[PDB]
Amino acid sequence: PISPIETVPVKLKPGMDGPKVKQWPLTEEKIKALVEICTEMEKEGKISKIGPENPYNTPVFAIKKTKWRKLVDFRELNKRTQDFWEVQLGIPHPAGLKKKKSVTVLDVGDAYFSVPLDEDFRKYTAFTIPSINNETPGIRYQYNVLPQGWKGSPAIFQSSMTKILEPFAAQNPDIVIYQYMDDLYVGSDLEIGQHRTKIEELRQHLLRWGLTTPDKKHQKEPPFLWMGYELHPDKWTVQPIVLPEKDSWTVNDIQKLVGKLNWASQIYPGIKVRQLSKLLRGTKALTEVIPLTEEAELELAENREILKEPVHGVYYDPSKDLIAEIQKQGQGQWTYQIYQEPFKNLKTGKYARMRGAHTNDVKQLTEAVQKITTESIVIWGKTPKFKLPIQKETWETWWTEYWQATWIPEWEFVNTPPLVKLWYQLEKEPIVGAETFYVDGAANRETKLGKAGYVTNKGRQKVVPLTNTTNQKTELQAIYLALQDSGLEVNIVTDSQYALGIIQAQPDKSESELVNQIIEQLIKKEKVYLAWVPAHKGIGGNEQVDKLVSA
Amino acid sequence: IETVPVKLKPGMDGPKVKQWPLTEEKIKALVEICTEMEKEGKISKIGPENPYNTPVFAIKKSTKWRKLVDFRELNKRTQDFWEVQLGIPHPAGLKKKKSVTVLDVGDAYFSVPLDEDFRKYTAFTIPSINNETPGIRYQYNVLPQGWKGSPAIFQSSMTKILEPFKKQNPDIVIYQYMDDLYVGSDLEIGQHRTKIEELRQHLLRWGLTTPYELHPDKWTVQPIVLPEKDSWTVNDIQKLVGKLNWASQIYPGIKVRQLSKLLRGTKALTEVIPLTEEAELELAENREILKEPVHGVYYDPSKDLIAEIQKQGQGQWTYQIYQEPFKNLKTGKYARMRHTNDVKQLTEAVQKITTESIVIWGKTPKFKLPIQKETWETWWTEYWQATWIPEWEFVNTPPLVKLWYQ
Ligand SMILES: N#Cc1ccc2c(Oc3ccccc3OCCC(=O)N3CCCC3)cccc2c1
């Protein structure tokens, strides 16, 4: 328990002083329990009794289950102590763990109480044990070690543990020690004999620095239930995922459901959550019951089918290559596997998009490659080679013409449909022999009524009326009109920067029904050229359609 | 030596910026670099009681890895120190010179102790793979490369070292920006290059070790070009009328009344329409209005510079620098021969624009980059060679302004 470790210095935040929080009374059955606990902790150096000079006090409580435990409320002191370098906010991912012959799990007991607490900072931990009915002054006590529930303890313990391990690691440079809260995980490829030896020797090193470690009879055994995972000597998978069945669905219930599914998706290939999360767009209230859509019902039912099957992932070998394969898995949903030898997956994942109202497949595929490249560096420190269902000509045509800069990595074509394809492609030059439609639309911003019209060079003209619309949507409806009323080749001329931008981006899927209709039309056309002219400049064709639609 | 005290602008806490994850190769290079730096006293390990962090990266300027620290946040929080209390002035004549060489003098900062009460704000982390270990944590004991306080403090010594040389060569301009020396002359190139080697030898023999030719007499706002064609179709006149309409936001004296008349009526897009003589004269007069430059565009040192970049295809990129829209201080076009990709090209262009910007005004612009953020955050170090880092954001709107700036 006690320890010759050096102490980390601690300050309160500048211009603050220590906490003086008055102590609430106790049932005096617990007041007896605290006295026994405090006298034990005193005898082990964990705390010391203090005089009246100490003005600070932090509330102390007591609580039972079999046995009792002391609980201190450091919330006031925590608010007042300096900041620390936050301890690791992530955990290692099993798909990144390197395979190892033998692995041992050591928990360290009373870990915090084993590490000393900076001397000048001890006064601000003072607590007080109450005397029955204020019949006498209480007992003053302060901490000498890292108190449980204080802000500094997780970081000071961790840095302490690192330094303590350092000499042992220098002398045994071929055994791996992951460190994670009050745990150590030790692996080696030594003969299970010598491995069991080296472990016992490291236990002894830790005990010299005051860290109790479990006996061979008490060291946990595989499979390991760790952070929602199940680790096996040669494979890993998640812990069982139980999706509730319910007739009414609360917002809080939907959040808990997307989370559970998200967790399953890292090894259960195929999971989808796009429609389920669309529901959650109403973050308004957590109890407000959201009526499940019919797309959401289909999604959930498909997830339940896959969850019924069991599945597992493997561990990482740095000598074998790293490969990522991606498949189209719905409308705007994508799924991927990462592996080193086929069917022996390290892990899986998904990619849906909230990028904007309209996108297309090639852009989404590129966005997915990006997400994987980020993930692989975090997990293995390198990028995979990619196996993708798209041909070089499809992708090269897209990235050369795309206004944004993209980096496409090492990849190869895989002939497993659905393939990623450009459904249509606008012309670059006007079309000879094709009718030229001059379109325009308009709306009254108050009355919210409007009209879409065209005028062509063969003398045809048309106006179609529009109710409950906006100026932007009518400029799109004019475009849609011209595709409807044209032959298989058409030139269109628009005044609308909005509408030009949206079509020049060659979307193939949209949140808007109108854009989805235009997309249906653009596919069936042999050739479409779209051209822009500035509005209200009397160009020729725009002026007429404007006069026709505007008044 | 003695250490000059430093202070953040009051009511500011030090930087707490997240460390990006790194390739194992980049981490291995950082560990080896920091092991040696620690063996030489320049940095030391730190404990959990330091909550500060500033991101670090590994690049190549050469086949040897180098360490680059992103002090943008710490710079924004010390700016009393290096902008006013210890500003290093910018000379307006550097842009006029005919040759300008950049010399890296950052290594000389490592000979000067840093204020013991400021070192904690320089903390940084070498990350581990897959959160296996918490990173390795260090702070600086000497003046760091990349912190704008470093040239500010070293300024006195730099003036002493250079004073001989400026006496000998009074027509040579020397400007310092962060870790670099910009040295400009009107000499012939061969004479200029040996004058630069003299200054190298001078700096070296006084203990300041050092390891790029620019010609700011070519830089200018590029004037707009209208197409010159033999057979104009209706579509061609519409593009031309549209481009000229756009240009009237800048040059007040342009009109297309005579040019739109040739489209009167509702005509097919592919119809060849000949240019009448009054139309041809209106277009030719507009080509003269475009040659002359704009008036009324003055640099305002208080305001932020902004750079916009658009991808033109075939390895070509256009850019504008301005502080108010349509008031372009500088417009230009970059090209990349053959063995290149989009991110490599954008990264290179960003560095050329930032250099031009430093020469002309002594400050770096804030970029609007046409690229997805996570793609940039992943690949920008693969081609980054400079020692400074401008601010940036990612613009997801592709205006038709592409065709116009071509
Ligand atoms: N409860 C818990 C817990 C246990 C061990 C962990 C663990 O083991 C290792 C400890 C040291 C070195 C390598 C290690 O992984 C090797 C991969 C391998 O072959 N395994 C079979 C079962 C465990 C993993 C690593 C990370 C977290 C662990 C968390």
# chains A, B, ... in the order shown; residues from 1 in each chain; ligands from 1
call {"tool": "closest_atom_pairs", "arguments": {"of": "chain A", "to": "ligand 1", "cutoff": "10 Å", "atoms": "only C-alpha atoms and all ligand atoms", "output": "JSON lines"}}
result
{"residue": "A:91", "atom": "CA", "partner": "ligand 1", "partner_atom_place_in_ligand_line": "27 (C)", "distance": 8.4}
{"residue": "A:92", "atom": "CA", "partner": "ligand 1", "partner_atom_place_in_ligand_line": "26 (C)", "distance": 6.4}
{"residue": "A:93", "atom": "CA", "partner": "ligand 1", "partner_atom_place_in_ligand_line": "26 (C)", "distance": 7.7}
{"residue": "A:94", "atom": "CA", "partner": "ligand 1", "partner_atom_place_in_ligand_line": "26 (C)", "distance": 6.9}
{"residue": "A:95", "atom": "CA", "partner": "ligand 1", "partner_atom_place_in_ligand_line": "17 (C)", "distance": 9.0}
{"residue": "A:96", "atom": "CA", "partner": "ligand 1", "partner_atom_place_in_ligand_line": "17 (C)", "distance": 8.5}
{"residue": "A:97", "atom": "CA", "partner": "ligand 1", "partner_atom_place_in_ligand_line": "17 (C)", "distance": 5.0}
{"residue": "A:98", "atom": "CA", "partner": "ligand 1", "partner_atom_place_in_ligand_line": "17 (C)", "distance": 5.0}
{"residue": "A:99", "atom": "CA", "partner": "ligand 1", "partner_atom_place_in_ligand_line": "19 (O)", "distance": 4.0}
{"residue": "A:100", "atom": "CA", "partner": "ligand 1", "partner_atom_place_in_ligand_line": "19 (O)", "distance": 4.4}
{"residue": "A:101", "atom": "CA", "partner": "ligand 1", "partner_atom_place_in_ligand_line": "19 (O)", "distance": 6.4}
{"residue": "A:102", "atom": "CA", "partner": "ligand 1", "partner_atom_place_in_ligand_line": "19 (O)", "distance": 7.2}
{"residue": "A:103", "atom": "CA", "partner": "ligand 1", "partner_atom_place_in_ligand_line": "10 (C)", "distance": 5.4}
{"residue": "A:104", "atom": "CA", "partner": "ligand 1", "partner_atom_place_in_ligand_line": "5 (C)", "distance": 6.7}
{"residue": "A:105", "atom": "CA", "partner": "ligand 1", "partner_atom_place_in_ligand_line": "4 (C)", "distance": 5.6}
{"residue": "A:106", "atom": "CA", "partner": "ligand 1", "partner_atom_place_in_ligand_line": "4 (C)", "distance": 8.9}
{"residue": "A:107", "atom": "CA", "partner": "ligand 1", "partner_atom_place_in_ligand_line": "1 (N)", "distance": 9.4}
{"residue": "A:175", "atom": "CA", "partner": "ligand 1", "partner_atom_place_in_ligand_line": "12 (C)", "distance": 7.5}
{"residue": "A:176", "atom": "CA", "partner": "ligand 1", "partner_atom_place_in_ligand_line": "12 (C)", "distance": 4.7}
{"residue": "A:177", "atom": "CA", "partner": "ligand 1", "partner_atom_place_in_ligand_line": "11 (C)", "distance": 5.1}
{"residue": "A:178", "atom": "CA", "partner": "ligand 1", "partner_atom_place_in_ligand_line": "11 (C)", "distance": 5.4}
{"residue": "A:179", "atom": "CA", "partner": "ligand 1", "partner_atom_place_in_ligand_line": "27 (C)", "distance": 8.3}
{"residue": "A:180", "atom": "CA", "partner": "ligand 1", "partner_atom_place_in_ligand_line": "27 (C)", "distance": 8.0}
{"residue": "A:183", "atom": "CA", "partner": "ligand 1", "partner_atom_place_in_ligand_line": "2 (C)", "distance": 8.2}
{"residue": "A:184", "atom": "CA", "partner": "ligand 1", "partner_atom_place_in_ligand_line": "10 (C)", "distance": 7.8}
{"residue": "A:185", "atom": "CA", "partner": "ligand 1", "partner_atom_place_in_ligand_line": "10 (C)", "distance": 4.2}
{"residue": "A:186", "atom": "CA", "partner": "ligand 1", "partner_atom_place_in_ligand_line": "11 (C)", "distance": 4.1}
{"residue": "A:187", "atom": "CA", "partner": "ligand 1", "partner_atom_place_in_ligand_line": "11 (C)", "distance": 3.9}
{"residue": "A:188", "atom": "CA", "partner": "ligand 1", "partner_atom_place_in_ligand_line": "12 (C)", "distance": 6.9}
{"residue": "A:189", "atom": "CA", "partner": "ligand 1", "partner_atom_place_in_ligand_line": "12 (C)", "distance": 9.7}
{"residue": "A:220", "atom": "CA", "partner": "ligand 1", "partner_atom_place_in_ligand_line": "1 (N)", "distance": 8.1}
{"residue": "A:221", "atom": "CA", "partner": "ligand 1", "partner_atom_place_in_ligand_line": "1 (N)", "distance": 9.0}
{"residue": "A:222", "atom": "CA", "partner": "ligand 1", "partner_atom_place_in_ligand_line": "22 (C)", "distance": 6.7}
{"residue": "A:223", "atom": "CA", "partner": "ligand 1", "partner_atom_place_in_ligand_line": "22 (C)", "distance": 7.1}
{"residue": "A:224", "atom": "CA", "partner": "ligand 1", "partner_atom_place_in_ligand_line": "1 (N)", "distance": 4.9}
{"residue": "A:225", "atom": "CA", "partner": "ligand 1", "partner_atom_place_in_ligand_line": "1 (N)", "distance": 5.8}
{"residue": "A:226", "atom": "CA", "partner": "ligand 1", "partner_atom_place_in_ligand_line": "1 (N)", "distance": 4.4}
{"residue": "A:227", "atom": "CA", "partner": "ligand 1", "partner_atom_place_in_ligand_line": "1 (N)", "distance": 7.7}
{"residue": "A:229", "atom": "CA", "partner": "ligand 1", "partner_atom_place_in_ligand_line": "1 (N)", "distance": 8.7}
{"residue": "A:230", "atom": "CA", "partner": "ligand 1", "partner_atom_place_in_ligand_line": "22 (C)", "distance": 8.5}
{"residue": "A:231", "atom": "CA", "partner": "ligand 1", "partner_atom_place_in_ligand_line": "22 (C)", "distance": 4.8}
{"residue": "A:232", "atom": "CA", "partner": "ligand 1", "partner_atom_place_in_ligand_line": "22 (C)", "distance": 4.8}
{"residue": "A:233", "atom": "CA", "partner": "ligand 1", "partner_atom_place_in_ligand_line": "21 (C)", "distance": 3.9}
{"residue": "A:234", "atom": "CA", "partner": "ligand 1", "partner_atom_place_in_ligand_line": "19 (O)", "distance": 5.7}
{"residue": "A:235", "atom": "CA", "partner": "ligand 1", "partner_atom_place_in_ligand_line": "21 (C)", "distance": 7.2}
{"residue": "A:236", "atom": "CA", "partner": "ligand 1", "partner_atom_place_in_ligand_line": "22 (C)", "distance": 7.9}
{"residue": "A:314", "atom": "CA", "partner": "ligand 1", "partner_atom_place_in_ligand_line": "19 (O)", "distance": 9.1}
{"residue": "A:315", "atom": "CA", "partner": "ligand 1", "partner_atom_place_in_ligand_line": "17 (C)", "distance": 6.3}
{"residue": "A:316", "atom": "CA", "partner": "ligand 1", "partner_atom_place_in_ligand_line": "17 (C)", "distance": 7.9}
{"residue": "A:317", "atom": "CA", "partner": "ligand 1", "partner_atom_place_in_ligand_line": "17 (C)", "distance": 9.8}
call {"tool": "interface_residues", "arguments": {"of": "chain B", "to": "chain A", "cutoff": "8 Å", "atoms": "only C-alpha atoms", "output": "VMD selection string"}}
result
chain B and resid 21 to 25 47 to 52 129 to 134 235 238 to 239 241 to 242 245 260 to 261 263 to 270 310 to 313 341 to 343 346 370 to 372 374 to 375 378 398 to 400
call {"tool": "write_last_selection", "arguments": {"atoms": "N, CA and C atoms", "output": "CSV table (one decimal), in the first residue's frame"}}
result
chain,number,residue,atom,x,y,z
B,21,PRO,N,-3.7,12.1,-35.2
B,21,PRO,CA,-3.0,10.8,-35.3
B,21,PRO,C,-2.0,10.8,-36.5
B,22,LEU,N,-1.0,9.9,-36.3
B,22,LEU,CA,0.1,9.9,-37.3
B,22,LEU,C,0.4,8.5,-37.8
B,23,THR,N,0.9,8.4,-39.0
B,23,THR,CA,1.5,7.2,-39.5
B,23,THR,C,2.7,6.7,-38.6
B,24,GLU,N,2.8,5.4,-38.5
B,24,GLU,CA,3.9,4.8,-37.7
B,24,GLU,C,5.3,5.3,-38.1
B,25,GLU,N,5.4,5.5,-39.4
B,25,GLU,CA,6.7,6.0,-39.9
B,25,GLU,C,7.0,7.4,-39.4
B,47,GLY,N,5.2,16.3,-16.7
B,47,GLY,CA,4.3,15.5,-16.0
B,47,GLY,C,2.8,15.8,-16.3
B,48,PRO,N,1.9,15.1,-15.6
B,48,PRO,CA,0.5,15.3,-15.8
B,48,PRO,C,0.0,16.7,-15.4
B,49,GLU,N,0.7,17.4,-14.5
B,49,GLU,CA,0.3,18.7,-14.0
B,49,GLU,C,0.4,19.8,-15.1
B,50,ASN,N,0.9,19.5,-16.3
B,50,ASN,CA,0.8,20.4,-17.5
B,50,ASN,C,-0.3,20.0,-18.4
B,51,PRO,N,-1.4,20.7,-18.4
B,51,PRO,CA,-2.5,20.4,-19.3
B,51,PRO,C,-2.5,20.9,-20.7
B,52,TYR,N,-1.4,21.5,-21.1
B,52,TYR,CA,-1.3,22.2,-22.4
B,52,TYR,C,-0.9,21.3,-23.6
B,129,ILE,N,0.2,4.6,-31.5
B,129,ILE,CA,-0.7,3.9,-32.3
B,129,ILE,C,-1.8,3.3,-31.5
B,130,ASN,N,-3.1,3.4,-31.9
B,130,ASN,CA,-4.2,2.7,-31.4
B,130,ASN,C,-4.3,2.9,-29.9
B,131,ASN,N,-4.0,4.1,-29.4
B,131,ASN,CA,-4.0,4.4,-28.0
B,131,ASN,C,-3.4,3.4,-27.1
B,132,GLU,N,-2.3,2.7,-27.6
B,132,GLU,CA,-1.6,1.7,-26.8
B,132,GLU,C,-1.0,2.2,-25.5
B,133,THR,N,-0.3,3.4,-25.7
B,133,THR,CA,0.3,4.1,-24.6
B,133,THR,C,-0.2,5.6,-24.7
B,134,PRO,N,-0.3,6.3,-23.7
B,134,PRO,CA,-0.5,7.8,-23.8
B,134,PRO,C,0.8,8.3,-24.4
B,235,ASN,N,-24.3,30.7,-78.4
B,235,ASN,CA,-23.8,30.3,-77.1
B,235,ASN,C,-22.5,31.1,-76.8
B,238,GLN,N,-23.4,34.5,-75.7
B,238,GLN,CA,-24.0,34.5,-74.3
B,238,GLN,C,-22.9,34.3,-73.2
B,239,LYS,N,-21.9,33.5,-73.4
B,239,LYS,CA,-20.8,33.4,-72.5
B,239,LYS,C,-20.1,34.7,-72.4
B,241,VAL,N,-21.2,37.7,-73.1
B,241,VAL,CA,-22.0,38.7,-72.5
B,241,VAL,C,-22.1,38.4,-71.0
B,242,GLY,N,-22.1,37.2,-70.6
B,242,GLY,CA,-22.1,36.8,-69.2
B,242,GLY,C,-20.8,37.2,-68.5
B,245,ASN,N,-20.6,40.9,-68.2
B,245,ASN,CA,-21.5,41.4,-67.2
B,245,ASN,C,-20.9,41.3,-65.8
B,260,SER,N,-25.7,42.6,-77.0
B,260,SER,CA,-26.9,41.8,-76.8
B,260,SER,C,-27.8,42.0,-78.0
B,261,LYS,N,-27.8,43.1,-78.7
B,261,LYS,CA,-28.7,43.3,-79.9
B,261,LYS,C,-28.5,42.2,-80.9
B,263,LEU,N,-28.4,39.2,-80.4
B,263,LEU,CA,-29.1,38.0,-80.0
B,263,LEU,C,-30.6,38.3,-79.9
B,264,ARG,N,-31.1,39.5,-80.3
B,264,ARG,CA,-32.5,39.8,-80.2
B,264,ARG,C,-33.3,38.9,-81.0
B,265,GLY,N,-34.4,38.4,-80.4
B,265,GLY,CA,-35.1,37.2,-80.9
B,265,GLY,C,-34.7,36.0,-80.2
B,266,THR,N,-35.4,34.9,-80.3
B,266,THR,CA,-35.2,33.7,-79.6
B,266,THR,C,-34.6,32.6,-80.6
B,267,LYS,N,-33.3,32.6,-80.6
B,267,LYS,CA,-32.5,31.9,-81.6
B,267,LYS,C,-31.9,30.6,-81.1
B,268,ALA,N,-31.6,29.7,-82.0
B,268,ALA,CA,-31.0,28.4,-81.6
B,268,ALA,C,-29.5,28.6,-81.1
B,269,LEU,N,-29.1,27.8,-80.2
B,269,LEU,CA,-27.9,28.0,-79.5
B,269,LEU,C,-26.7,27.9,-80.4
B,270,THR,N,-26.8,27.0,-81.4
B,270,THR,CA,-25.7,26.7,-82.3
B,270,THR,C,-25.7,27.6,-83.6
B,310,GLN,N,-9.3,28.4,-57.1
B,310,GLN,CA,-10.2,27.5,-57.8
B,310,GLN,C,-9.4,26.7,-58.8
B,311,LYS,N,-9.9,25.4,-58.9
B,311,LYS,CA,-9.2,24.4,-59.8
B,311,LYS,C,-9.7,24.5,-61.2
B,312,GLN,N,-8.8,24.7,-62.1
B,312,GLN,CA,-9.1,24.9,-63.5
B,312,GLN,C,-8.9,23.7,-64.4
B,313,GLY,N,-8.4,22.6,-63.9
B,313,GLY,CA,-8.1,21.5,-64.7
B,313,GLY,C,-6.8,21.6,-65.5
B,341,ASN,N,-0.5,15.2,-58.5
B,341,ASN,CA,-1.9,14.9,-58.2
B,341,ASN,C,-2.6,16.2,-57.6
B,342,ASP,N,-3.9,16.2,-57.3
B,342,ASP,CA,-4.6,17.4,-57.0
B,342,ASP,C,-4.1,18.0,-55.6
B,343,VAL,N,-3.9,17.1,-54.6
B,343,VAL,CA,-3.5,17.6,-53.3
B,343,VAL,C,-2.1,18.1,-53.4
B,346,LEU,N,-2.4,21.6,-55.0
B,346,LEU,CA,-3.0,22.6,-54.1
B,346,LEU,C,-2.0,23.0,-53.0
B,370,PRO,N,-10.6,24.8,-51.7
B,370,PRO,CA,-11.5,23.9,-52.4
B,370,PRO,C,-11.2,22.4,-52.3
B,371,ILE,N,-11.5,21.8,-51.1
B,371,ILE,CA,-11.2,20.4,-50.8
B,371,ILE,C,-11.9,20.1,-49.6
B,372,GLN,N,-12.3,18.8,-49.4
B,372,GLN,CA,-12.9,18.3,-48.2
B,372,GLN,C,-11.9,18.3,-47.0
B,374,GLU,N,-11.3,16.7,-44.2
B,374,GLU,CA,-10.6,15.5,-43.7
B,374,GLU,C,-9.6,15.0,-44.8
B,375,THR,N,-9.8,15.2,-46.1
B,375,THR,CA,-8.8,14.9,-47.1
B,375,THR,C,-7.6,15.8,-46.9
B,378,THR,N,-5.5,15.0,-43.7
B,378,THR,CA,-4.8,13.7,-43.8
B,378,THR,C,-3.5,13.9,-44.7
B,398,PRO,N,-18.9,25.6,-55.3
B,398,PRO,CA,-18.1,25.8,-56.5
B,398,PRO,C,-18.7,26.9,-57.4
B,399,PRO,N,-18.6,28.2,-57.2
B,399,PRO,CA,-19.3,29.1,-58.1
B,399,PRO,C,-18.8,29.0,-59.5
B,400,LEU,N,-19.6,29.4,-60.5
B,400,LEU,CA,-19.2,29.4,-61.9
B,400,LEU,C,-18.1,30.4,-62.2
call {"tool": "residues_around", "arguments": {"residues": "residue 55 in chain B", "least_positions_apart": "5", "cutoff": "8 Å", "atoms": "only C-alpha atoms", "output": "VMD selection string"}}
result
chain B and resid 17 to 20 69 to 71 124 to 125
call {"tool": "write_last_selection", "arguments": {"atoms": "N, CA, C and O atoms", "output": "PDB file, in the first residue's frame"}}
result
ATOM      1  N   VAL B  17      -4.602  22.263 -27.805  1.00  0.00           N
ATOM      2  CA  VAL B  17      -5.008  21.779 -29.118  1.00  0.00           C
ATOM      3  C   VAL B  17      -4.749  20.283 -29.234  1.00  0.00           C
ATOM      4  O   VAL B  17      -3.730  19.759 -28.771  1.00  0.00           O
ATOM      5  N   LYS B  18      -5.648  19.595 -29.926  1.00  0.00           N
ATOM      6  CA  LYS B  18      -5.581  18.145 -30.020  1.00  0.00           C
ATOM      7  C   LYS B  18      -4.492  17.713 -30.993  1.00  0.00           C
ATOM      8  O   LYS B  18      -4.326  18.310 -32.069  1.00  0.00           O
ATOM      9  N   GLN B  19      -3.771  16.647 -30.626  1.00  0.00           N
ATOM     10  CA  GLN B  19      -2.767  16.071 -31.511  1.00  0.00           C
ATOM     11  C   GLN B  19      -3.435  15.137 -32.515  1.00  0.00           C
ATOM     12  O   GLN B  19      -4.140  14.205 -32.122  1.00  0.00           O
ATOM     13  N   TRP B  20      -3.211  15.378 -33.807  1.00  0.00           N
ATOM     14  CA  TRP B  20      -3.734  14.495 -34.847  1.00  0.00           C
ATOM     15  C   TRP B  20      -3.017  13.149 -34.805  1.00  0.00           C
ATOM     16  O   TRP B  20      -1.853  13.076 -34.414  1.00  0.00           O
ATOM     17  N   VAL B  69       6.146  22.085 -35.760  1.00  0.00           N
ATOM     18  CA  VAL B  69       5.176  22.298 -34.692  1.00  0.00           C
ATOM     19  C   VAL B  69       4.182  23.368 -35.123  1.00  0.00           C
ATOM     20  O   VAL B  69       4.571  24.427 -35.637  1.00  0.00           O
ATOM     21  N   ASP B  70       2.897  23.065 -34.953  1.00  0.00           N
ATOM     22  CA  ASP B  70       1.817  23.984 -35.278  1.00  0.00           C
ATOM     23  C   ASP B  70       1.572  24.881 -34.070  1.00  0.00           C
ATOM     24  O   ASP B  70       0.806  24.545 -33.179  1.00  0.00           O
ATOM     25  N   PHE B  71       2.222  26.044 -34.045  1.00  0.00           N
ATOM     26  CA  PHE B  71       2.045  27.013 -32.974  1.00  0.00           C
ATOM     27  C   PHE B  71       1.006  28.082 -33.315  1.00  0.00           C
ATOM     28  O   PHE B  71       0.997  29.134 -32.668  1.00  0.00           O
ATOM     29  N   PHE B 124       4.008  19.502 -25.902  1.00  0.00           N
ATOM     30  CA  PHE B 124       3.531  18.801 -27.079  1.00  0.00           C
ATOM     31  C   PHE B 124       3.651  17.299 -26.848  1.00  0.00           C
ATOM     32  O   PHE B 124       4.340  16.831 -25.938  1.00  0.00           O
ATOM     33  N   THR B 125       2.952  16.556 -27.687  1.00  0.00           N
ATOM     34  CA  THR B 125       2.739  15.133 -27.503  1.00  0.00           C
ATOM     35  C   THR B 125       3.133  14.421 -28.780  1.00  0.00           C
ATOM     36  O   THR B 125       2.702  14.820 -29.870  1.00  0.00           O
TER      37      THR B 125
END
call {"tool": "select_by_dssp", "arguments": {"residues": "range 179-297 of chain A", "states": "helix (DSSP H, G or I)", "output": "number ranges by chain"}}
result
A: 192-208, 251-264, 274-279, 294-297
call {"tool": "write_last_selection", "arguments": {"atoms": "C-alpha atoms", "output": "PDB file, in the first residue's frame"}}
result
ATOM      1  CA  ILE A 192       4.041 -20.573 -21.072  1.00  0.00           C
ATOM      2  CA  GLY A 193       6.457 -21.680 -18.368  1.00  0.00           C
ATOM      3  CA  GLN A 194       8.840 -18.720 -18.566  1.00  0.00           C
ATOM      4  CA  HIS A 195       5.900 -16.407 -19.277  1.00  0.00           C
ATOM      5  CA  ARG A 196       4.332 -17.540 -15.991  1.00  0.00           C
ATOM      6  CA  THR A 197       7.730 -16.860 -14.409  1.00  0.00           C
ATOM      7  CA  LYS A 198       8.274 -13.346 -15.776  1.00  0.00           C
ATOM      8  CA  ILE A 199       4.762 -12.464 -14.626  1.00  0.00           C
ATOM      9  CA  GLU A 200       5.533 -13.554 -11.079  1.00  0.00           C
ATOM     10  CA  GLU A 201       8.723 -11.493 -11.183  1.00  0.00           C
ATOM     11  CA  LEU A 202       6.864  -8.355 -12.337  1.00  0.00           C
ATOM     12  CA  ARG A 203       4.331  -8.879  -9.558  1.00  0.00           C
ATOM     13  CA  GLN A 204       7.292  -8.756  -7.161  1.00  0.00           C
ATOM     14  CA  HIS A 205       8.677  -5.580  -8.726  1.00  0.00           C
ATOM     15  CA  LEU A 206       5.278  -3.916  -8.365  1.00  0.00           C
ATOM     16  CA  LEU A 207       4.936  -5.118  -4.777  1.00  0.00           C
ATOM     17  CA  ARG A 208       8.264  -3.400  -3.955  1.00  0.00           C
ATOM     18  CA  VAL A 251     -36.574   9.666 -28.552  1.00  0.00           C
ATOM     19  CA  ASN A 252     -34.352   8.352 -25.743  1.00  0.00           C
ATOM     20  CA  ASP A 253     -35.191   4.816 -26.909  1.00  0.00           C
ATOM     21  CA  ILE A 254     -34.177   5.656 -30.488  1.00  0.00           C
ATOM     22  CA  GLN A 255     -30.862   7.105 -29.299  1.00  0.00           C
ATOM     23  CA  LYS A 256     -30.168   3.922 -27.315  1.00  0.00           C
ATOM     24  CA  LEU A 257     -31.045   1.896 -30.421  1.00  0.00           C
ATOM     25  CA  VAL A 258     -28.797   3.702 -32.925  1.00  0.00           C
ATOM     26  CA  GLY A 259     -25.949   3.472 -30.416  1.00  0.00           C
ATOM     27  CA  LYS A 260     -26.342  -0.282 -29.964  1.00  0.00           C
ATOM     28  CA  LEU A 261     -26.471  -0.800 -33.737  1.00  0.00           C
ATOM     29  CA  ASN A 262     -23.465   1.483 -34.263  1.00  0.00           C
ATOM     30  CA  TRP A 263     -21.590  -0.735 -31.832  1.00  0.00           C
ATOM     31  CA  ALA A 264     -22.577  -3.890 -33.691  1.00  0.00           C
ATOM     32  CA  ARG A 274     -29.746   5.993 -41.875  1.00  0.00           C
ATOM     33  CA  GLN A 275     -33.566   5.945 -41.629  1.00  0.00           C
ATOM     34  CA  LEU A 276     -33.511   5.200 -37.875  1.00  0.00           C
ATOM     35  CA  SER A 277     -31.376   8.304 -37.308  1.00  0.00           C
ATOM     36  CA  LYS A 278     -33.543  10.474 -39.602  1.00  0.00           C
ATOM     37  CA  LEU A 279     -36.243  10.036 -36.931  1.00  0.00           C
ATOM     38  CA  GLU A 294     -42.089   2.415 -42.614  1.00  0.00           C
ATOM     39  CA  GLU A 295     -38.513   2.749 -43.921  1.00  0.00           C
ATOM     40  CA  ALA A 296     -37.316   2.633 -40.302  1.00  0.00           C
ATOM     41  CA  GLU A 297     -39.353  -0.547 -39.694  1.00  0.00           C
TER      42      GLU A 297
END
call {"tool": "residues_around", "arguments": {"residues": "residue 336 in chain A", "least_positions_apart": "6", "cutoff": "7 Å", "atoms": "only C-alpha atoms", "output": "PyMOL selection string"}}
result
chain A and resi 325-327+348-350
